[PDB]
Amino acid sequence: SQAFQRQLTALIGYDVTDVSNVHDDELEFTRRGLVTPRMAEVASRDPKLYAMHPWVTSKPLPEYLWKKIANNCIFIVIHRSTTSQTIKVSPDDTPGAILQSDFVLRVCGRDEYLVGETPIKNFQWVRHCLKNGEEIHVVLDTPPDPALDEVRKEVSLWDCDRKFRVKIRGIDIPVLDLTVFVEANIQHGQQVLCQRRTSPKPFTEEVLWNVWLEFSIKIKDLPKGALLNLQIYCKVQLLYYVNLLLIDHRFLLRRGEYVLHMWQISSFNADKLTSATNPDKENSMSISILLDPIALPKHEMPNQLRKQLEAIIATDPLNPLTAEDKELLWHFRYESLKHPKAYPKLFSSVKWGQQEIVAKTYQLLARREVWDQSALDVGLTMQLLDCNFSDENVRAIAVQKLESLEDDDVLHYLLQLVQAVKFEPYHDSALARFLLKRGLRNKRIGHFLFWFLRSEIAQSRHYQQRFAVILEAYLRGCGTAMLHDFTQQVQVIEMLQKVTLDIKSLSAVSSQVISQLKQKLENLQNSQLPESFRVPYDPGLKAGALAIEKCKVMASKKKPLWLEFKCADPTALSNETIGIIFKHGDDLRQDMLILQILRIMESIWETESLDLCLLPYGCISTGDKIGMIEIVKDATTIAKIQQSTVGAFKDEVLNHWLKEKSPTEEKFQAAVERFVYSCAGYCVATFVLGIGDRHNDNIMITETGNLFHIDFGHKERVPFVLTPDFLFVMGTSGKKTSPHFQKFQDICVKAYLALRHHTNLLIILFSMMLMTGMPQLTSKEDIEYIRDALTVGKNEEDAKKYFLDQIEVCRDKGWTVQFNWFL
């Protein structure tokens, strides 16, 4: 009975049933509350399509992938057992229309199927074969049994004019001179509604006050999701913070005694918002407070002015609203309501500390015919789920829009939707439930949901309880088959993690350890490494037996395991191993975010028939400074190409490294073409994200020319890497204009203005990136970089003049920054 809950725990990596670190029942309330959305989505999903999870897209096929087809014909090799016939098919042919031309077509080597009522041009696997120029090897197979996916069954607030007040009894710490004072903030979003300090006392390991801080706000004017934020300052400096939701999950005003264990500091940072209290009771500072059945209820213009308003609606998400701007938006409430783009600013004009105002806000929300009718803008939808909005109804209108996204687009934004849960005031939310049901409706979304949630639970004390509850809610309806898969995957990576860590210690980069490594690996082949497991970063591929011959450790400072496995699938029509790098040392939650932004940029370019052959490899964080990376085959760093032929830099090297790895001049030109696309993409992307000034041992190239940056987890400068050896391949010497170098420039400018057609989307994604995954780089100035980088305000023409100049700044500096590193 209860051994299943213990199964869920080791799967989750946290004990959801625990109550050692709560001061109310919100987490347990959210467990009981999430049962409905689960049972709905479980009961409504097609068990057969759920079992085969056909990964399909409704987008148009781009112009570049069109001209790779031979007129309404595609070859599709079907396999029986030994023999295999090869059919002509029309892009618009359904999987059924190919079958006649029950059983089901499965892709060879993978747990991936081609089924359902969409044309074969709308399966991603077929767009993957078309992109790389490969042949669609399917295999007539029996459908997988839906039995296998079975699930194991289971006084009014507005009548109170009293000013709100909180008694600060004191703070205690078991171990620490200066003086110290508590600051108590009533908050809503990042907005501070009302502030009150204590008098400064001496900072001993206990400090009492017994003081009532009376706030100017009234109990009736407190809005749901209002945080009492408590902060300890000691010329001042913030040392410890904690929060407490003044209005609870039942809409009740929060009463009584609280001893809250606080978080230390090492600033817009998503950790500063959490309702969680420090679980480390022994080392942590605590504060002691007192609050004293009060429940919350629930319910044309001048020409010049129109222009001023439209000018405000037209500005970027990061452009600050003045009081003048706000008062304008609010007064012309119903004109602002006509423009979906105004909504973020409009709701940033609301005075949330004033009952009557919020009342009118909810009135205005009831008349949102234009919003509901508008075309989904993820950019706009994202802004309403960020840290500037803590109102359920505002945030629910955002989650409304997300409902319309096809599964393929959920996948695109899943990581950042998951991180958006860090900005929710309450454990139960539209957003959490949206993630929950979309995860249970689709095994691919659910797979990655599981890892994304698990990444955070494993290493964020600030949010591991919330995500833990949401994860359990997923696990209790995913199906017995997936529970078994996750259990496998967790077991496998726990083994491999141990091996990785133990081996890191054994050096201060010797090759005598190589045998000690291959020892542990060989001696883990039998117990308890299973004979198959899903690759967590690509749930298509199952991996079976190791290849202990090929497994190595790097001449490095962090000794990552280069591992390779055999594919457990016999129908796999290839000899390629599945490669995985296990690394400790870097925090890969930053690499996940950057890589996901990269895939987002690709799909953007897809809307403008552009392709820049980015290589955003799989990467999954799994624990404290530890995770896996997909191995990109046939690849090497730009530094090693220099260190082999020089040991100290030279221009030529790259080109005859390419040419030597190109078998026929035929292909070699396909490589240098690939290099111009790849190079431009990574220059565009890295300038925008402000991670372009990289040290060439962090940039890689395949044997087919594809360039790609790596290790994103990390004087005079350079906006991106466009070194002479890159230029050499293009065919330009100091100052020239090669046929390819102009094409590079051409692509860069096309791609750069292409990103700018989604400024808002990128701004919001980038802001969220910094706030939820990168604790160090979180200030207005840090965030506003991407405004500058995207040259907000500037016209397309000036923007091209801006980017091309940047290219020149790199040209101007050649090898400087690269060399300057060695010092």
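Whichever C-alpha set is largest while still superposing within 1.5 Å between the two forms counts as the rigid core. The first residue of the sequence shown is number 1, and the count goes up from there.
Compare 31-39 with 62-70 and report which one shows the larger root mean square C-alpha deviation from this form in 7 other deposited structures of this protein once the rigid core is superposed. The stretch that sits farther from the shown form in 7 other deposited structures of this protein is 62-70.
Could you say which moves further from this form in 7 other deposited structures of this protein, stretch 727-735 or stretch 412-420, by root mean square CA distance after aligning on the core? Looking at 412-420 and 727-735 in 7 other deposited structures of this protein, the bigger mover is 727-735.
At a threshold of one third of the other compared entries, does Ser267 come out as unmodelled? Counting only entries that model residues on both sides, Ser267 is unresolved in at least a third of them.
Does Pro297, which is modelled here, drop out in at least a third of the other compared PDB entries? Yes, left without coordinates in at least a third.
Chain break class for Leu176 to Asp177, judged by how many deposited residues have no coordinates: Going from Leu176 to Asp177, the model skips 4 to 9 residues of the deposited sequence.
Where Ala311 meets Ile312 in the shown sequence, the number of deposited residues left unmodelled: Gap size class: none, per the record.
Averaging C-alpha B-factors over each stretch, which comes out higher, 607-615 or 439-447? Taking the mean C-alpha B-factor of 607-615 and of 439-447, the larger value falls to 607-615.
Should the higher mean CA B-factor in the entry be assigned to 189-197 or to 515-523? Result of the comparison: 515-523.
Of the residues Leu260, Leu414, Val729, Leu346, the one carrying the largest Cα B-factor as recorded: Within the set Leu260, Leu414, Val729, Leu346, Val729 shows the top C-alpha B-factor.
Considering only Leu475, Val469, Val672, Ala635, which residue's Cα atom bears the greatest B-factor as recorded? Spelled out: the listed residue with the top C-alpha B-factor is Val672.
Against its chain's modelled residues, does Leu777's Cα B factor rank lowest, middle or highest third? Highest third - that is where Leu777 ends up once the chain's C-alpha B-factors are sorted.
Ranking the modelled residues of this chain by C-alpha B-factor as given in the entry, is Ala789 in the lowest, middle or highest third? Its C-alpha B-factor belongs to the middle third of this chain's values.
For the chain shown, is the CA B-factor of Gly544 in the lowest, middle or highest third of its modelled residues? It falls in the middle third of the chain.
Using the B-factor values recorded in the entry, state whether the Cα atom of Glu41 falls in the lowest, middle or highest third among the modelled residues of its chain. Middle third by C-alpha B-factor.
Place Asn278 in the lowest, middle or highest third of its chain's C-alpha B-factors, as listed in the PDB entry. According to the entry, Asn278 has a C-alpha B-factor in the chain's lowest third.
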